[PDB]
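Shown here is one chain on its own, the form deposited in one PDB entry, set out as structure tokens.
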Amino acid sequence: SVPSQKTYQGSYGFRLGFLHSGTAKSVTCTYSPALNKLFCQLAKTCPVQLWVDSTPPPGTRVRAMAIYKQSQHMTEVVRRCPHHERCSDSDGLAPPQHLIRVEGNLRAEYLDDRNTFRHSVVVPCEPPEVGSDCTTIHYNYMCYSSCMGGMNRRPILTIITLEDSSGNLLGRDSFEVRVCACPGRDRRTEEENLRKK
């Protein structure tokens, strides 16, 4: 009833990476290593790098799923709020209830789990292009952390799983997410609060 969040590199040395975007007022997505937390604006591009030490087999996939970070909310499905699920902002592929979308990948598949009712989005694991050492997935988060009747100010984690063609686990990583109007300021504030504590 709760997806695992345990970091697991597995046989292929799977782990995430994030750009260094800074904390200027104009930044739309920024990652805090000290907090392991991504701060982003609503429906803006969030580049997430995938790093491996060796190439996984053909048919390997990469799945993203959100869960509530607090244990007392972890069994509740993370979904878009009653406003955003009805705002007709469909990209033609993501169900309107799904918080997490993949941008610019026609091979993305969206799952409503028949047993847990949780949402996820999964893409093929592509090898790095010539001249690159990693691959990047562009995610979008489609509600604010503050949306009433949805996340309702509760923090979430995104869990990224590397899976074989049957869906079996090959690797796992995760990060907290705050979707907010001013990610640069909020990252600075939370990093200062951590330093003071």
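Numbers for residues come from their place in the sequence shown, where the first is 1. Residues that one form lacks are left out of the comparison. Each form is matched to the other, and the largest set of C-alpha atoms that superpose within 1.5 Å is called the rigid core.
Below: the form solved in complex with a small molecule, not depicted.
K.L.:
Identify, from the list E126, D113, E76, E109, the residue with a heavy atom within 4.5 Å of the small molecule in the deposited bound form.
P.N.:
Only one option qualifies, and that one is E126.
K.L.:
Report whether the minimum heavy atom distance between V62 and the small molecule in the deposited bound form is within 4.5 Å.
P.N.:
Within the cut-off, so yes.
K.L.:
Spell out, yes or no, whether the shortest heavy atom distance between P56 and the small molecule in the deposited bound form is within 4.5 Å.
P.N.:
Contact check for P56: yes, within 4.5 Å of the small molecule in the deposited bound form.
K.L.:
Please determine whether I159 contacts the small molecule in the deposited bound form, using a 4.5 Å cut-off between heavy atoms.
P.N.:
No, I159 sits far enough from the small molecule in the deposited bound form that none of its heavy atoms falls within 4.5 Å.
K.L.:
Using the partner position in the deposited bound form, report whether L50 sits within 4.5 Å of the small molecule, counting heavy atoms only.
P.N.:
Taking the distances in the deposited bound form, the answer for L50 is yes, it comes within 4.5 Å of the small molecule.
K.L.:
Report the shifted segments between this form and the one not shown, defined as three or more consecutive common residues with all CA displacements of at least 2 angstroms relative to the rigid core fit.
P.N.:
Only this run moves by 2 Å or more: 126-128.
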